[PDB]
Structure formats: C-alpha cells, structure tokens
Amino acid sequence: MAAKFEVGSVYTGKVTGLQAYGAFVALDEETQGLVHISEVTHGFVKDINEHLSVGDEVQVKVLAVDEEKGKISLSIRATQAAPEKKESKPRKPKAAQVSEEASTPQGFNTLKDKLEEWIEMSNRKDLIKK
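Okay, so the sequence shown: first residue is 1 according to the entry's author numbering, each after it adds one.
Okay, structure coming up:
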C-alpha cells in the first residue's frame with residue numbers, strides 16, 4: 001500500500017474505535033493504526049474504555065509500520081508517560097465541567113474521617129469553647 005511514518009516517531013490523531021485487544025486511531029486520511037491494549041497503559045488494563053475513549057484526540061507513538069496495508073502499531077503508555085509544554089491549550093480549561101472543582105461539598109477540599117459526617121455544615125473552630 002503506502003507509508004509516510006517511521007518507528008519511534010510521535011504524532012497526533014483521533015480514536016476511531018475500541019476493542020478488547022486495542023484502540024483504532026486515525027492518524028491521517030491515508031494512515032490508520034492500532035494501539036495494542038498492552039500499550040494503552042503500563043499494566044492493569046482491565047478494560048480499554050477505562051483508559052481511552054472513541055471519538056477523542058490522542059497523541060500516539062509509532063511502534064511499527066506495515067506498508068503492506070498502511071497500518072501502524074501504536075502506543076499510548078509511551079505518550080502518557082512523556083512530558084509536554086507546561087502552557088495552556090484549548091482543552092486544559094476542561095470546559096466540559098458543570099460544577100466547581102471542589103473535592104468535597106463541605107469546602108473546596110475537606111477530606112477527613114473523625115468527622116466524616118454532615119454535607120453543608122462543619123464543626124466550628126475550637127475557639128467556640130470558652
């Protein structure tokens with residue numbers, strides 16, 4: 001068929017399917033590859049939908065190329081492990097949110113156990129005691 005990529009390269013594409021053995025990703029109008037499930041995440045890939053999403057954009061590492069069909073074997077554990085530019089990008093704002101980013105209802109972050117009770121109230125400061 002054709003090829004225009006090489007092993008060890010890294011490029012960005014969109015997920016075109018998920019399977020019990022891997023995720024299809026379109027890289028280009030002329031190139032489409034397969035993140036193998038063993039390459040979606042480092043281990044404990046209990047189900048692929050817990051680790052990838054169809055109809056989403058992903059950056060993939062080229063593991064192998066198959067010019068016979070223009071297929072490519074891909075990784076995502078490679079790219080999720082890699083660093084990136086620590087600057088804003090269009091979806092870093094996480095505009096899909098519909099609530100405040102608070103970890104708890106009682107305050108922005110209020111993790112506890114000794115008073116893991118109430119929902120819109122908390123104990124006063126100890127200074128309440130006179």
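Every residue, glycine too, gets a C-beta built ideally from N, C-alpha and C.
query: By the 10 Å Cβ neighbour count, where 16 or more other Cβ atoms means buried, how is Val-98 classified, buried or exposed?; result: exposed
query: Span of the beta strand (DSSP E) holding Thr-16?; result: 10-19
query: With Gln-106 as the anchor, note down where its alpha helix (DSSP H) starts and where it stops.; result: Per DSSP, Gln-106 belongs to no alpha helix (DSSP H) and is neither H nor E.
query: Judging by CA-CA distance, which residue of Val-62, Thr-104, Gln-32 is the nearest neighbour of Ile-76?; result: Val-62
query: Find out if the Cβ-Cβ distance for the pair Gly-55, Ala-3 is shorter than 8 angstroms.; result: no
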